[PDB]
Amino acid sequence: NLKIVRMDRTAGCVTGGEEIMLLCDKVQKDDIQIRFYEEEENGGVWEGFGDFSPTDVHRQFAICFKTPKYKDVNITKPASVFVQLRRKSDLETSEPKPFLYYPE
């Protein structure tokens, strides 16, 4: 039942720390994370997490957060990743949205 309905930004700088506003279907403020991930060719999986507190969850239907730092702040072209909602308790996830990290 997790869904990213809309994000006001779907790209960001590799240094992270940028404010994004996200509209979601209902979530519980203490049982929700925003996971950015990238599947590596070596079977590895990079992940980073949106930076926010339960108070940043707006009436269970939106979240304000800051982006995580991407794995490599020295990329020279954009890196495409995904972002999903994930419940902390049972690790249920939303369908992913594409997200582009760009060089500083």
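Each residue number is its position in the shown sequence, starting from 1.
S.K.: Averaging only over Cα atoms, indicate whether 70-78 or 49-57 has the higher B-factor in the PDB entry.
M.R.: Higher of the two, by average CA B-factor, is 70-78.
S.K.: Using only C-alpha atoms and the B-factors in the entry, which stretch averages higher, 36-44 or 58-66?
M.R.: The deposited B-factors put 36-44 ahead on the C-alpha mean.
S.K.: Among the modelled residues of this chain, does the Cα B factor of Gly12 put it in the lowest, middle or highest third?
M.R.: Lowest third of the chain for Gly12's C-alpha B-factor.
S.K.: Using the B-factors in the PDB entry, rank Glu19's C-alpha atom against the chain and give the third, lowest, middle or highest.
M.R.: As the PDB entry reports it, the C-alpha B-factor of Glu19 lands in the middle third of its chain.
S.K.: Hey, what third does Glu95 fall into on Cα B-factor, ranked over its chain?
M.R.: For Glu95, the deposited C-alpha B-factor lands in the middle third.
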